[PDB]
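> Can you read through this structure? Questions will come right after.
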Amino acid sequence: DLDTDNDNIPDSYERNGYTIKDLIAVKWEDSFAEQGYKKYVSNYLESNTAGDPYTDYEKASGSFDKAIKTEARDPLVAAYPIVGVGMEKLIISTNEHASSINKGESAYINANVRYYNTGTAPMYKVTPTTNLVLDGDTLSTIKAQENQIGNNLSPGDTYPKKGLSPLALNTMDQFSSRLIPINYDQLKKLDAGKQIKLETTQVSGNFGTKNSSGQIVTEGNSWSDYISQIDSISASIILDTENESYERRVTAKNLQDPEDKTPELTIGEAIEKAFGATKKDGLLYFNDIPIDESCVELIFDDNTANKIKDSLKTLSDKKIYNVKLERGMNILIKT
Amino acid sequence: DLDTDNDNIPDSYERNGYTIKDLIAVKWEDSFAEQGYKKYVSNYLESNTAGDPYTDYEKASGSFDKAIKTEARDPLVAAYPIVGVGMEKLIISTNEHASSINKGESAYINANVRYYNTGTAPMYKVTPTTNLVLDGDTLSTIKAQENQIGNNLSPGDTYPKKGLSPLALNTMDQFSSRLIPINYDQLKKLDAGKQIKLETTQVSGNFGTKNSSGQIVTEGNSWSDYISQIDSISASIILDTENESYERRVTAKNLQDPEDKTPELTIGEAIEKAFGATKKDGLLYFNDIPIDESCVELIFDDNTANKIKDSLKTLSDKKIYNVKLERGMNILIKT
Amino acid sequence: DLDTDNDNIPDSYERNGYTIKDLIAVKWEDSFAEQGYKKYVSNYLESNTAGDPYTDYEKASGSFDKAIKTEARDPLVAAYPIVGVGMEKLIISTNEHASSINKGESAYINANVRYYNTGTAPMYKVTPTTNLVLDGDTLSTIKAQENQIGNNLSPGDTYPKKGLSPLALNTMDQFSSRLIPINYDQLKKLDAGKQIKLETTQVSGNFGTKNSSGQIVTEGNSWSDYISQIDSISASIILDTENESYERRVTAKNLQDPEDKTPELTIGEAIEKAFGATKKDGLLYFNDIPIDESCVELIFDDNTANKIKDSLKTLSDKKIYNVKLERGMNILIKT
Amino acid sequence: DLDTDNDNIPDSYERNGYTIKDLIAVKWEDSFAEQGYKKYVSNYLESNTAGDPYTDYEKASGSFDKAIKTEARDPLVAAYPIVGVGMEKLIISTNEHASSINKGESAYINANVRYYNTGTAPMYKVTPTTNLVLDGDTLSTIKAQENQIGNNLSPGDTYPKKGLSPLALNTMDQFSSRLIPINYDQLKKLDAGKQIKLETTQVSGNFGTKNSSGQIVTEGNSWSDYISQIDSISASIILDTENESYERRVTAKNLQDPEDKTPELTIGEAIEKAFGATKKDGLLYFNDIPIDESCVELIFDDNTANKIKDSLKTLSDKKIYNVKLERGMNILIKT
Amino acid sequence: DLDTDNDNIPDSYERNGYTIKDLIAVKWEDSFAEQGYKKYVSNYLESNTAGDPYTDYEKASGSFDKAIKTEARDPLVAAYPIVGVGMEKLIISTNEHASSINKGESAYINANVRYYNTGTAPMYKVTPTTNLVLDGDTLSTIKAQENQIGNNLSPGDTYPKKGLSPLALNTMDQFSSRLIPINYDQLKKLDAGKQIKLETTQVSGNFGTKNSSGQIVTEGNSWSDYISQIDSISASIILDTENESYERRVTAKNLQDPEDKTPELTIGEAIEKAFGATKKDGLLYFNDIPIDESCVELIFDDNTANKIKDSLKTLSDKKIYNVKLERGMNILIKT
Amino acid sequence: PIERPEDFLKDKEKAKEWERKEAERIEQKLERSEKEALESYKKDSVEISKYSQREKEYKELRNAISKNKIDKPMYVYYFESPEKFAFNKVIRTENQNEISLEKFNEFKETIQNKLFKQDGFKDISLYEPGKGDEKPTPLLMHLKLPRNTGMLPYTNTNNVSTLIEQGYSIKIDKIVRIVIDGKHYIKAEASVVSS
Ligand SMILES: [Ca+2]
Ligand SMILES: [Ca+2]
Ligand SMILES: [Ca+2]
Ligand SMILES: [Ca+2]
Ligand SMILES: [Ca+2]
Ligand SMILES: [Ca+2]
Ligand SMILES: [Ca+2]
Ligand SMILES: [Ca+2]
Ligand SMILES: [Ca+2]
Ligand SMILES: [Ca+2]
């Protein structure tokens with residue numbers, strides 16, 4: 001009956017819980033739990049609670065790119081593609097002149113790469129900016145060109161899909177006509193037994209917005225416009241299954257900001273909402289493998305570790321999973 | 001009378017089945033089966049059901065490009081061009097200097113290739129990104145340039161049509177001015193008897209949108225904006241006849257999501273809708289060859305095999321053509 | 001009750017102090033002090049008090065790109081990304097022909113660089129112009145190309161983030177195809193032991209505006225349009241903590257202009273507003289470290305020093321933090 | 001009460017003198033001098049009196065790019081960036097092949113340059129054309145490319161700011177991929193001791209306008225559209241102080257045109273309005289140094305000298321600062 | 001009181017003569033000549049009576065690019081920038097290989113040129129297409145590239161202004177990267193004492209409108225869209241003073257069209273209007289030197305001489321300054 | 001109308017592009033009479049609108065714009081002063097950013113179960129006009145227009161507006177309390193019940 005930020009969700013519904021039925025917003029009741037509906041809470045002052053381009057209504061009603069995983073339908077989870085690049089092989093092409101060698105243009109490297117999406121989103125024009133390193137020395141920072149642009153990185157899928165060979169990476173120019181050089185010093189250092197490593201400094205791409213009736217527009221809508229905002233107002237949770245990795249970013253409240261009206265979440269609730277787990281017998285299960293604190297290994301960095309120590313020494317239950325999640329903590333879950 | 005997804009077809013008609021009479025929709029009856037009209041049921045919550053760009057009204061009325069096969073007019077089938085690249089021959093040119101040889105650019109390749117369409121749609125500007133491999137090491141990944149770009153790839157046809165020679169692929173740069181090099185090691189590996197294979201990682205194409213008058217626009221519209229959505233809400237069915245192949249995708253329902261209002265289909269209904277087969281003597285026939293379970297061989301992968309395994313132990317009829325169609329199965333039918 | 005600059009902040013509120021509640025402007029009362037709210041005083045004549053692209057209302061309400069720090073929400077503090085480039089390692093590649101040397105292009109340089117941000121704003125497409133100097137001889141001035149471009153430079157973060165390797169600058173041509181040349185004389189100077197320095201002459205970047213409902217566009221929006229404006233109407237404040245640096249710019253009042261109505265700020269008030277410091281026992285503390293004048297080292301240039309001495313001779317408090325902050329003063333604070 | 005040129009200033013106000021209070025125009029009174037207001041007289045028949053892109057209302061109210069100096073607020077002074085290029089060093093790279101010399105491309109030149117703005121306006125994309133002359137022959141003319149383009153050039157500032165080494169210039173192609181050639185003749189002339197001079201022919205740039213809610217915009221607004229008009233209807237006055245030089249262009253009335261209604265100015269009044277000097281004790285002082293004709297040296301060209309001699313012999317006061325300023329006069333002041 | 005082509009000028013005013021006062025047209029009277037006004041007569045059927053892009057009202061009122069000369073304010077005189085290229089020096093670079101010569105690229109030239117404007121308009125992006133000829137054989141035709149493009153060629157000025165060195169033109173490709181070649185035969189002809197001449201075929205450029213809201217736009221407004229129109233409906237008159245040359249195009253009347261309603265002009269009135277001469281004692285004076293027929297040399301081509309003979313034989317005054325000016329005449333005036 | 005939804009939700013670029021396209025496709029289909037007629041409204045927009053709320057201009061425009069009927073139903077947004085909504089009181093002024101939950105409910109009680117008439121020459125948009133467009137009143141409208149209603153785009157001076165004649169009845173459904181560009185507006189969705 002009163003909407004401030006124009007997401008077609010009233011403030012009372014957003015604050016007290018709501019659900020989407022036949023593309024309209026209704027109050028949440030406990031009787032809707034058995035049908036498969038979920039309880040949603042968002043920010044009644046911000047159009048996008050999580051920072052991803054899709055608004056609260058689009059995320060809740062699922063009127064977006066259907067390749068987005070269903071765990072991102074919750075408005076508090078950021079639809080945010082985490083794209084890494086795995087290096088599978090390296091090919092050395094030395095240009096010896098036999099009928100002579102040059103110590104500035106002595107080798108050509110063709111690196112076999114393979115993209116990996118682990119986030120809750122498809123990244124429509126994957127353009128990784130990868131730097132090759134050896135001995136801590138950065139060889140080259142090259143952005144993928146039109147040959148190497150891999151469109152359609154589905155969640156949990158590699159751009160050269162299963163059964164296909166890795167992508168080839170051998171050109172540094174914007175138009176793929178100049179091969180990556182290596183001088184004689186590091187050619188001999190590579191011959192001495194060292195290994196080229198590859199790092200992904202950043203990945204550029206696009207997201208498909210909905211336009212007209214069923215139209216999907218991908219041009220001019222880049223992910224880098226929202227990557228910084230998402231990484232600012234979120235916290236990262238990484239599950240490490242024996243066969244897959246799942247990285248999610250969940251929006252968390254700010255105590256020092258009184259106008260920040262994002263809903264409060266615990267770390268356990270955030271894990272449940274991010275990974276789509278099931279609350280059975282009070283325990284959390286995600287795809288027939290236990291995920292609770294006593295069953296897995298939790299890994300944090302320094303600030304998160306000290307944060308949880310302070311919060312535990314101030315808390316009464318003395319358990320990790322029922323403590324407040326705040327903006328900017330890294331959690332790694334290993335099973 | 002009431003429409004929710006706004007595709008010019010009411011929700012009651014959408015749930016109870018419908019057919020098109022003079023570019024308008026009416027309630028479906030069994031009497032229209034004798035005149036040749038089929039039964040169409042689609043999703044009353046999505047503007048387009050199968051994931052393809054065309055809306056359900058356009059798919060039912062056939063008001064799009066007429067090169068799409070007439071079985072894809074069913075809204076539950078996805079207008080989706082599945083193409084590949086068949087490599088026919090290889091020409092190698094070793095650029096030795098006779099009066100000298102360079103060990104980094106000792107050879108060039110001329111890959112003779114031909115495009116193969118098998119989906120229920122053409123791409124009006126075919127651009128395959130194909131990699132060339134040799135004994136597990138990827139030679140190069142090349143996206144087709146303006147020379148190798150092929151328009152009008154009609155379904156069931158090749159871009160160099162029958163009677164024409166295969167196209168030549170010889171350039172890596174965006175403008176076709178740089179040949180593909182091969183160093184000495186891969187030259188020796190080729191000359192030792194090993195064969196270079198070709199794979200197609202991605203294909204970039206256009207879909208023609210038809211305006212109110214006669215106007216087909218294929219500029220700025222890409223398939224890559226929708227192939228993720230189709231692979232998400234679709235299931236792949238492959239038919240392997242001796243002379244031709246037929247690859248299709250049929251949307252599948254998710255039982256965990258209460259709002260996924262896509263119609264429920266069985267495997268047999270999905271096959272008959274995706275191939276336009278007719279019900280003769282209870283069985284199914286596709287172009288004068290039996291297709292039923294007792295006459296053909298059905299092959300799946302591990303996940304699909306397990307899915308049908310548990311659903312068959314749950315089911316009583318114990319027939320693979322009477323089992324529920326779930327999201328993301330791979331079916332290969334060999335006759 | 002009146003608005004002259006139509007920034008959606010009434011004139012009396014803008015002069016006497018105001019705060020933002022529920023994305024709307026209200027008068028400031030003492031009851032909001034304990035709730036976490038802050039007091040905003042802005043200029044009542046023009047739309048942007050600090051000159052940065054976000055208006056007074058957008059700055060005060062925080063309805064902009066959320067990666068902007070909290071202390072930039074005060075209208076008298078300019079949202080301003082101060083971007084630097086730090087050099088980590090330099091690589092020298094001599095192209096001696098062995099079977100010969102060229103005296104004009106005898107060497108190629110791989111420069112490992114890393115981008116730093118220190119202001120209250122993210123630069124969404126980082127393009128630094130870096131000149132490499134050697135004994136006063138500016139060898140080459142290179143703008144960052146597509147390969148070395150940087151998206152998502154969040155405040156306090158590096159474009160190659162912590163744990164990632166530096167980026168490689170090796171191309172001077174606009175398309176990254178031509179390596180950086182070094183002639184025989186400067187190569188001899190480099191081999192004698194002299195070190196190449198790297199300087200940043202300009203940084204070109206983009207800022208994201210919250211277009212429509214949550215949409216962000218960073219194309220056509222350049223920071224160079226407002227670099228000069230902000231550097232004109234401001235005074236630069238730099239803090240050098242042992243682990244991090246913080247550079248901001250604070251709007252200053254002009255006595256020579258009777259129609260300049262920017263609010264008066266002392267140096268202490270300017271520091272508190274620009275840094276979000278907390279007043280404990282009257283003194284100023286910044287994140288549990290002392291920042292008051294008696295506990296830090298102040299460094300000024302000639303203009304700031306002369307103005308400070310003259311205004312302190314005029315004043316009676318004889319404290320640097322209690323004097324009016326003028327336009328165009330450089331203040332460096334070290335702890 | 002009546003406005004003819006539609007510039008939001010009444011014609012009677014423009015003719016009798018006016019000042020801007022609360023961003024609106026009011027008639028001038030003598031009591032406003034004690035508050036710091038400056039008397040403004042404009043032309044009521046042309047929208048832009050000085051010819052610069054900002055209108056009379058914007059110039060008088062100061063509602064333009066705030067980096068524009070306060071001296072350009074008077075509508076009779078043209079906001080006009082006088083930008084020059086200064087050589088600091090020249091580096092010559094001899095292209096000898098050592099194991100050979102080419103007589104057409106024997107040497108390459110690295111020109112270290114630094115920009116200098118002196119007018120009352122900032123130029124936002126400083127692209128100068130420098131011609132390198134030697135012994136009367138123009139070796140080359142070079143427009144600055146993307147590497148040498150310098151944005152955000154504030155008045156009185158150098159694009160490589162004070163503290164940074166000068167910018168390098170070594171390529172003539174639009175994409176910086178071809179060094180500047182010198183044949184054996186001018187190489188021998190340089191080795192004989194002749195020195196290369198640099199001149200600036202044209203200097204292209206941009207200026208910032210206000211666009212809707214997007215604020216400052218700088219693309220598509222070139223100075224070259226307006227510098228012809230400004231240089232036509234103005235007189236150029238140059239001040240030479242031992243620290244900085246000040247170039248201004250003050251609009252002048254045409255006596256033979258009876259529609260040219262621009263205010264009539266003397267040379268003394270024009271100098272005072274151009275430099276913002278203060279008239280105390282009859283004489284004019286600019287930043288606390290005298291500027292009157294009995295304390296400075298005035299330099300004219302032939303046309304200005306003849307005009308000034310004839311007008312002095314016609315006039316009775318016999319003072320250079322008391323005589324009418326005509327169109328197209330060059331005055332240089334040395335202190 | 002009636003306007004046919006709605007050019008803010010009534011038909012009766014346009015036919016019988018008018019002057020402009022306060023930006024509105026009024027009937028011309030004999031008393032207005034004392035105040036400095038002029039008599040304007042134009043064609044009441046064409047919005048541009050001379051074919052130049054500015055309307056008759058804009059030309060009469062002077063509401064155009066203000067650097068246009070005062071003598072082009074008369075509507076019958078065409079605003080037309082006549083741009084020529086003068087060659088000052090030739091730089092010969094022989095690319096002998098010393099340690100060889102190629103007789104196909106044996107020489108490189110770097111022509112020092114300078115632009116001259118003579119018409120009554122500034123031509124805002126001068127792009128001359130000049131051919132270098134040698135004893136009738138055109139070596140190469142070069143259109144000026146981005147280096148050689150000179151904006152702001154003001155009337156009566158040179159693009160390198162008086163005091164600067166000539167511009168260098170040395171490349172013929174669009175992106176300035178390859179020098180101009182001369183073969184063995186032409187190099188030997190140059191060494192034998194022959195000289196290279198420089199002719200201008202076309203000069204492309206822009207002009208300034210004011211169609212935007214208070215702005216001048218010179219992109220897409222080319223003179224080449226109007227030079228043919230003016231050369232069709234115009235007659236060229238050239239005056240050759242010792243220090244300057246002045247070329248004008250004055251529109252003439254066709255007697256074979258009953259609808260060509262442009263005012264009839266004699267050659268005396270045309271000269272007076274085209275050069276702004278003053279009628280002192282009946283004779284014509286331009287810049288205080290007589291141009292009356294008794295004291296000046298008039299040059300015509302063959303067709304003009306035949307026309308002048310056939311028209312003087314049917315006249316009673318036998319004066320060249322009295323005969324009706326026809327279309328497409330070339331009159332040269334030498335004092 | 002080759003392809004266009006009922007409502008361009010907060011889409012300025014697509015609305016402007018399509019309105020350009022329809023303006024061109026109507027200009028090169030109409031006759032000289034409305035070419036010389038619509039300039040009268042273009043340069044005296046208040047006069048003819050407040051006259052149609054001497055008959056040659058009105059008749060020509062009505063005939064020329066009751067001939068371009070729209071097929072798809074549409075949703076249009078225009079700012080309407082709440083002085084013709086039987087709300088003879090004031091709600092806010094132009095710059096007072098506060099609306100109250102004491103006159104919000106008064107507006108709710110004033111416009112409820114009542115079909116207000118709305119007829120006249122007027123101007124509308126095709127999108128949600130926030131953050132940059134003119135905001136003359138604190139009441140935004142969300143009219144729903146059925147098939148076969150008058151429509152025409154026209155380019156005033158490089159800027160495109162759109163004219164509709166109406167025999168309408170608004171039939172309000174609810175009232176939202178939007179805050180956009182730091183201001184409290186009421187968005188009022190209504191469904192046309194044609195007479
Ligand atoms: Ca909300
Ligand atoms: Ca919300
Ligand atoms: Ca429907
Ligand atoms: Ca549907
Ligand atoms: Ca205000
Ligand atoms: Ca303000
Ligand atoms: Ca005026
Ligand atoms: Ca004016
Ligand atoms: Ca006329
Ligand atoms: Ca006319």
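We name chains A, B, ... following the order of the structure tokens; residues begin at 1 in each chain, and ligands are numbered from 1 as shown.
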Please identify all polymer residues within 9 Å of residue E:321, counting only C-alpha atoms, omitting same-chain residues fewer than 6 positions from it, and present them as a PDB file with N, CA and C atoms, in the first residue's frame.

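Written out: selection16.pdb:
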```pdb
ATOM      1  N   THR E 266      24.501  45.442 -62.276  1.00  0.00           N
ATOM      2  CA  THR E 266      25.547  45.776 -63.227  1.00  0.00           C
ATOM      3  C   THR E 266      26.899  45.418 -62.618  1.00  0.00           C
ATOM      4  N   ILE E 267      27.951  45.423 -63.445  1.00  0.00           N
ATOM      5  CA  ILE E 267      29.284  45.077 -62.953  1.00  0.00           C
ATOM      6  C   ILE E 267      29.831  46.100 -61.971  1.00  0.00           C
ATOM      7  N   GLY E 268      29.388  47.352 -62.040  1.00  0.00           N
ATOM      8  CA  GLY E 268      29.811  48.342 -61.069  1.00  0.00           C
ATOM      9  C   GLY E 268      29.199  48.115 -59.702  1.00  0.00           C
ATOM     10  N   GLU E 269      27.880  47.908 -59.676  1.00  0.00           N
ATOM     11  CA  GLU E 269      27.200  47.605 -58.422  1.00  0.00           C
ATOM     12  C   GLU E 269      27.695  46.291 -57.837  1.00  0.00           C
ATOM     13  N   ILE E 271      30.715  44.958 -58.190  1.00  0.00           N
ATOM     14  CA  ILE E 271      32.041  45.175 -57.618  1.00  0.00           C
ATOM     15  C   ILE E 271      31.935  45.916 -56.291  1.00  0.00           C
ATOM     16  N   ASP E 292      38.247  52.628 -60.170  1.00  0.00           N
ATOM     17  CA  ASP E 292      37.438  53.061 -61.299  1.00  0.00           C
ATOM     18  C   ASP E 292      38.097  52.662 -62.613  1.00  0.00           C
ATOM     19  N   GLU E 293      37.254  52.411 -63.624  1.00  0.00           N
ATOM     20  CA  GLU E 293      37.687  51.765 -64.862  1.00  0.00           C
ATOM     21  C   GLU E 293      38.823  52.511 -65.552  1.00  0.00           C
TER      22      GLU E 293
END
```
> Need the shell around residue D:264: protein/DNA/RNA residues with any atom at most 10 Å away, counting only C-alpha atoms. Skip same-chain ones fewer than 4 positions apart. Format as a PyMOL selection string?
chain D and resi 41+76+251-255+269-270+324-326
> For the residues in that selection, give me C-alpha atoms as a PDB file, in the first residue's frame.

```pdb
ATOM      1  CA  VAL D  41      27.566  45.452 -19.383  1.00  0.00           C
ATOM      2  CA  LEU D  76      32.999  41.381 -22.510  1.00  0.00           C
ATOM      3  CA  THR D 251      35.359  42.243 -27.332  1.00  0.00           C
ATOM      4  CA  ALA D 252      35.436  45.552 -29.208  1.00  0.00           C
ATOM      5  CA  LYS D 253      32.827  47.717 -30.909  1.00  0.00           C
ATOM      6  CA  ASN D 254      32.744  48.254 -34.670  1.00  0.00           C
ATOM      7  CA  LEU D 255      32.226  51.946 -35.418  1.00  0.00           C
ATOM      8  CA  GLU D 269      39.002  49.540 -18.813  1.00  0.00           C
ATOM      9  CA  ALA D 270      39.544  46.561 -21.118  1.00  0.00           C
ATOM     10  CA  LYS D 324      38.953  53.802 -27.325  1.00  0.00           C
ATOM     11  CA  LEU D 325      39.887  50.159 -27.945  1.00  0.00           C
ATOM     12  CA  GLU D 326      39.169  49.027 -31.512  1.00  0.00           C
TER      13      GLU D 326
END
```
> Kindly compile the residues surrounding ligand 3 within 9 Å, counting only C-alpha atoms and all ligand atoms, and format them as a list in words.
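Result of the 9 Å neighbour search around ligand 3: residues 2, 3, 4, 5, 6, 7, 8, 9, 10, 11, 12, 13, 14, 15, 42, 43, 44, 45, 46, 47, 56 and 57 of chain B.
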> Can you tell me, as a list in words, what residues are no more than 9 Å from stretch 99-104 of chain C when counting only C-alpha atoms, ignoring any on the same chain fewer than 4 positions away?
residues 97, 100, 101 and 102 of chain A; 94, 95, 181, 182, 183, 184 and 185 of chain C; 93, 94, 95, 96, 97, 98, 99, 107 and 108 of chain D
> For chain F, which residues have at least one atom within 9 Å of chain A, if we go by only C-alpha atoms? Write them as a ChimeraX atom specification, please.
/F:3-5,8,174-180,184
> Could those selected residues go to a file with N, CA and C atoms, as a PDB file, in the first residue's frame?

```
ATOM      1  N   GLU F   3       6.651  -3.390 -33.621  1.00  0.00           N
ATOM      2  CA  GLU F   3       6.920  -4.134 -32.395  1.00  0.00           C
ATOM      3  C   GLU F   3       7.059  -3.137 -31.259  1.00  0.00           C
ATOM      4  N   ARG F   4       6.167  -3.231 -30.284  1.00  0.00           N
ATOM      5  CA  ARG F   4       6.118  -2.345 -29.133  1.00  0.00           C
ATOM      6  C   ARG F   4       5.209  -2.929 -28.058  1.00  0.00           C
ATOM      7  N   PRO F   5       5.670  -3.001 -26.813  1.00  0.00           N
ATOM      8  CA  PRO F   5       4.818  -3.541 -25.744  1.00  0.00           C
ATOM      9  C   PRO F   5       3.699  -2.586 -25.367  1.00  0.00           C
ATOM     10  N   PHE F   8       6.387   0.808 -21.930  1.00  0.00           N
ATOM     11  CA  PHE F   8       7.845   0.868 -21.881  1.00  0.00           C
ATOM     12  C   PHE F   8       8.238   1.266 -20.460  1.00  0.00           C
ATOM     13  N   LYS F 174      -5.747   1.981  -7.675  1.00  0.00           N
ATOM     14  CA  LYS F 174      -5.002   2.087  -6.421  1.00  0.00           C
ATOM     15  C   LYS F 174      -4.095   3.310  -6.511  1.00  0.00           C
ATOM     16  N   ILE F 175      -3.295   3.539  -5.467  1.00  0.00           N
ATOM     17  CA  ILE F 175      -2.361   4.663  -5.436  1.00  0.00           C
ATOM     18  C   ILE F 175      -1.070   4.224  -4.751  1.00  0.00           C
ATOM     19  N   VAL F 176       0.045   4.305  -5.474  1.00  0.00           N
ATOM     20  CA  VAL F 176       1.373   4.005  -4.948  1.00  0.00           C
ATOM     21  C   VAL F 176       1.917   5.301  -4.348  1.00  0.00           C
ATOM     22  N   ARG F 177       3.024   5.234  -3.598  1.00  0.00           N
ATOM     23  CA  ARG F 177       3.624   6.405  -2.951  1.00  0.00           C
ATOM     24  C   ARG F 177       5.086   6.545  -3.375  1.00  0.00           C
ATOM     25  N   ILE F 178       5.304   6.629  -4.690  1.00  0.00           N
ATOM     26  CA  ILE F 178       6.656   6.680  -5.239  1.00  0.00           C
ATOM     27  C   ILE F 178       7.483   7.824  -4.671  1.00  0.00           C
ATOM     28  N   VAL F 179       8.762   7.542  -4.419  1.00  0.00           N
ATOM     29  CA  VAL F 179       9.786   8.554  -4.179  1.00  0.00           C
ATOM     30  C   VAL F 179      10.781   8.422  -5.321  1.00  0.00           C
ATOM     31  N   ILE F 180      10.824   9.425  -6.185  1.00  0.00           N
ATOM     32  CA  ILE F 180      11.774   9.448  -7.290  1.00  0.00           C
ATOM     33  C   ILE F 180      12.375  10.844  -7.346  1.00  0.00           C
ATOM     34  N   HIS F 184       8.214  12.947  -3.358  1.00  0.00           N
ATOM     35  CA  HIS F 184       7.096  12.059  -3.063  1.00  0.00           C
ATOM     36  C   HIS F 184       5.981  12.324  -4.067  1.00  0.00           C
TER      37      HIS F 184
END
```
